[PDB]
J.: 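Next up is a structure, given as structure tokens.
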Amino acid sequence: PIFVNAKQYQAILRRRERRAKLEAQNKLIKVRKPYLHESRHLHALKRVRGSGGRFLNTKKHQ
Amino acid sequence: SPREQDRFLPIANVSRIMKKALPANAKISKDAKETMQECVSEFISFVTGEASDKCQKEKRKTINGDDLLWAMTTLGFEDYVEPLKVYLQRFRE
Amino acid sequence: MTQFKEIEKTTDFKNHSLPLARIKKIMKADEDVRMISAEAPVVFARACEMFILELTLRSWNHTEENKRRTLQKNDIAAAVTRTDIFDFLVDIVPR
DNA sequence: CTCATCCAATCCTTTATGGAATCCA
DNA sequence: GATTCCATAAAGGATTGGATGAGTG
């Protein structure tokens with residue numbers, strides 16, 4: 001029911017096979033985490049922020 | 001499985017490039033932000049996959065930058081090839 | 001000098017490219033891909049940039065027809081179907 | 001109503017090295 | 001010569017959430 005261009009048709013099928021193999025070893029990305037790193041997540045909770053939530057510049061206000 | 005940090009290019013890098021092609025005040029969803037980095041990494045595997053597929057035919061074991069250029073011409077990405085060699089050649093020396 | 005030193009507007013960003021080390025890792029995600037030239041990640045860093053701009057701009061058109069200001073995932077979905085160059089993304093996108 | 005923009009400081013990644021083994025025109 | 005590994009080092013920029021106005025549904 002779906003149609004694709006001839007320049008990549010067979011190229012897609014070859015890629016299609018490859019991807020199936022990757023799923024056999026569960027090498028594909030299933031779902032996304034809320035944040036990549038716990039350390040960077042924590043650091044972001046310790047930043048000085050303005051009343052509007054934006055990260056604040058340490059240098060200003062003496 | 002493998003790590004997200006190894007499968008997709010950084011989303012900050014992607015977001016910056018998408019916004020360069022749009023009007024100044026345009027917004028971009030996080031859903032749209034994330035699927036584009038899925039498309040780009042598949043674009044990498046779709047070109048590299050066939051660049052080596054002809055490297056199978058050619059019985060050559062490393063993948064040259066020019067095999068990628070021919071693979072992009074094969075898959076219909078011929079428009080890119082002309083600026084790419086200009087970019088490529090500066091790096092050559 | 002003239003009355004004032006004339007000025008130029010800054011819209012440029014520091015020359016940033018996608019990380020080569022990651023590009024190579026994505027390139028090798030395939031079992032048979034085993035050896036890759038030093039500059040094969042170089043050409044993809046530039047090729048991916050050209051790929052972003054085309055796909056984003058084409059999806060943008062779909063958003064303007066819907067009379068919106070934010071690009072969303074469905075827009076990319078139509079840009080994939082509409083253009084035959086983006087046909088390798090059938091299994092990455094909906095529609 | 002939901003959500004994407006807006007900041008900047010760490011800290012993981014990237015790049016840069018130096019070697020090791022292996023392969024092949 | 002390529003390229004791949006494994007280290008060590010430096011350097012750097014991506015990551016990251018609160019508040020709130022833009023804008024979707």
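Both backbone and side-chain heavy atoms feed into the values below; hydrogens, waters and symmetry mates do not. Below, chains carry the letters A, B, ... as their sequence lines are ordered, and counting in each starts from 1.
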J.: With a 3.5 Å cut-off and heavy atoms only, can you find an N or O donor on one side and an acceptor on the other between the side chain of A:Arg49 and the base of E:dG17?
T.: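 Pair found.
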
J.: Would a 4.5 Å heavy-atom cut-off, applied to side chains only, mark B:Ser15 and B:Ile28 as touching?
T.: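 In short, these two side chains do not touch, never coming nearer than 4.5 Å.
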
J.: Starting from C1' on D:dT13, measure out to CD1 on B:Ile11 and report it in whole angstrom.
T.: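 One finds 17 Å between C1' of D:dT13 and CD1 of B:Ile11, rounded.
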
J.: Quick test of the criterion, 5.5 Å between centres and less than 30° between planes. Is A:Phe55 stacked on D:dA9 or not?
T.: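 Given the distance and angle limits, no, they do not stack.
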
J.: Does a nitrogen or oxygen in the side chain of B:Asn13 sit under 4.0 Å from OP1 or OP2 of E:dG13?
T.: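 No, no such contact exists.
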
J.: Could you tell me how far apart C:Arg22 (CZ) and D:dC12 (P) are, to the nearest whole angstrom?
T.: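 To the nearest whole Å, that distance equals 14 Å.
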
J.: With a 4.0 Å limit, can you tell me whether C:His16 has a side-chain N or O closer than that to the phosphate oxygens OP1/OP2 of E:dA14?
T.: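 So the side chain of C:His16 is within the cut-off, an N or O lying under 4.0 Å from OP1 or OP2 of E:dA14.
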
J.: If the cut-off is 4.0 Å, is A:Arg40 near the phosphate of E:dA14, judged by side-chain N/O to OP1 or OP2?
T.: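 A:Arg40 to E:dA14 OP1/OP2: no side-chain N or O under 4.0 Å.
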
J.: Given atom CZ of C:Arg69 and atom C1' of D:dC3, what is their separation to the nearest angstrom?
T.: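 Atom-to-atom, C:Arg69 to D:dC3, this comes out as 17 Å.
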
J.: Can you tell me how far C1' of D:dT14 sits from CD1 of C:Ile23, to the nearest Å?
T.: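 After rounding, the reported distance stands at 12 Å.
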
J.: How far, in whole Å, is D:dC11 from E:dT8 if one measures between their P atoms?
T.: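 Per the computed distance, 22 Å lies between those P atoms.
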
J.: Can you tell me if the side-chain N/O atoms of A:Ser51 get under 4.0 Å from OP1 or OP2 in E:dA19?
T.: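 No, A:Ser51 has no side-chain N/O under 4.0 Å of OP1/OP2 on E:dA19.
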
J.: Counting any heavy atom closer than 4.0 Å, what does A:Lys59 reach on the DNA or RNA strands: base, sugar-phosphate only, or nothing?
T.: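 Nothing: the residue A:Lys59, judged by heavy atoms under 4.0 Å, touches no strand.
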
J.: For the pair made of NZ in C:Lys73 and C1' in D:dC3, what is the distance, rounded to whole Å?
T.: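 From C:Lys73 NZ to D:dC3 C1': 17 Å.
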
J.: Would you kindly give the CG-to-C1' distance between A:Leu36 and D:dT10, to the nearest whole Å?
T.: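 Those two atoms, CG and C1', are 15 Å apart.
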
J.: Between B:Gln5 and D:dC12, does any side-chain N or O lie under 4.0 Å from OP1 or OP2?
T.: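 So the side-chain polar atoms of B:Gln5 never come under 4.0 Å of the phosphate oxygens OP1 or OP2 of D:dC12.
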
J.: Taking only the side-chain heavy atoms of B:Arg3 (C-beta and beyond), determine which of D:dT13, D:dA9, E:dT3 contains the nearest atom.
T.: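 Of the options given, the side chain of B:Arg3 lies nearest D:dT13.
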
J.: May I ask you to check whether C:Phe51 and C:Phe86 place their ring centers less than 6.0 Å from one another?
T.: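 Yes.
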
J.: Please state whether the phosphate of E:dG17, meaning OP1 or OP2, lies under 4.0 angstrom from any side-chain nitrogen or oxygen of A:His41.
T.: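 So the side-chain polar atoms of A:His41 do come within 4.0 Å of the phosphate oxygens OP1 or OP2 of E:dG17, strictly under.
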
J.: Please report, rounded to the nearest Å, how far the P atom of E:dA14 is from the CZ atom of A:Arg47.
T.: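 Those two atoms, CZ and P, are 15 Å apart.
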
J.: In this structure, how many angstroms lie between the P atom of D:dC11 and the OH atom of A:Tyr35, rounded?
T.: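 For the pair A:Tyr35 OH and D:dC11 P, the rounded distance is 15 Å.
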
J.: Under 4.0 Å, counting only non-hydrogen atoms across every strand here, what does B:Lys59 touch: a base, just sugar-phosphate, or nothing?
T.: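 The residue B:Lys59 makes no contact with any strand.
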
J.: Measure up the A:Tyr35 and A:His41 rings against each other and bin them: parallel (under 30°), tilted (30 to 60°), perpendicular (over 60°).
T.: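 The arrangement is parallel - the two ring planes meet at less than 30°.
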
J.: Mark yes when over 12 heavy atoms from residues, nucleotides or ligands other than A:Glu23 sit less than 6.0 Å from its CD; otherwise mark no.
T.: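 Result for CD/A:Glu23: open.
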
J.: Does the side chain of B:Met72 come within less than 4.5 Å of B:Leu84's, by heavy atoms?
T.: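 Contact flag for B:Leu84/B:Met72 side chains = yes.
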
J.: With a non-hydrogen cut-off below 4.0 angstrom, is C:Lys28 in contact with a base, only sugar-phosphate, or nothing?
T.: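 Sugar-phosphate, no base atom in range.
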
J.: State, yes or no, whether a side-chain contact exists between C:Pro19 and B:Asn13 at a heavy-atom distance under 4.5 Å.
T.: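 In short, these two side chains touch, coming nearer than 4.5 Å.
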
J.: What nucleic acid atoms does A:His43 come within less than 4.0 Å of, heavy atoms only: base, sugar-phosphate, or nothing?
T.: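 A:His43: base contact, heavy atoms under 4.0 Å.
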
J.: Taking the side chain as every heavy atom from C-beta outward, state whether C:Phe44 and C:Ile26 have any pair of such atoms under 4.5 Å apart.
T.: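 No, every pair of side-chain atoms sits at 4.5 Å or beyond.
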
J.: Any chance you could encode DNA chain E as dot-bracket? Rule is Watson-Crick or G-U wobble with both distances under 3.5 Å; [ ] for pairs crossing earlier ones, | for another strand.
T.: ||...|..|.||.||.|||.|||..

J.: Under 4.0 Å between a side-chain N or O of C:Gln72 and OP1 or OP2 of E:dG25?
T.: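 Checking E:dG25 against C:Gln72, a side-chain N or O does come within under 4.0 Å of OP1 or OP2.
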
J.: Go through residues 14-50 of chain B and report each residue with a non-hydrogen atom lying under 4.0 Å from DNA chain E, sorted by number.
T.: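 When residues 14-50 of chain B is checked for heavy atoms under 4.0 Å from DNA chain E, the hits, listed by number, are B:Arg16, B:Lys27.
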
J.: I'd like the P distance from D:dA16 over to E:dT3, given in whole Å.
T.: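 Those two atoms are separated by 15 Å.
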
J.: Considering only E:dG17, D:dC24, E:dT15, which nucleotide approaches the side chain of B:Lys61 most closely?
T.: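 Closest nucleotide to the B:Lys61 side chain: D:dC24.
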
J.: Describe the nucleic acid contact of C:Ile36 in one word from base, sugar-phosphate, nothing, applying a heavy-atom distance below 4.0 Å.
T.: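 C:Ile36: backbone/sugar contact only, no base atoms under 4.0 Å.
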
J.: Could you measure between the two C1' atoms, the one in D:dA9 and the one in E:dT20, and give it in whole Å?
T.: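 The answer is 23 Å between these two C1' atoms.
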
J.: OP1, OP2 of D:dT13 versus side-chain N and O of A:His37: anything below 4.0 Å?
T.: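 Yes, within the criterion.
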
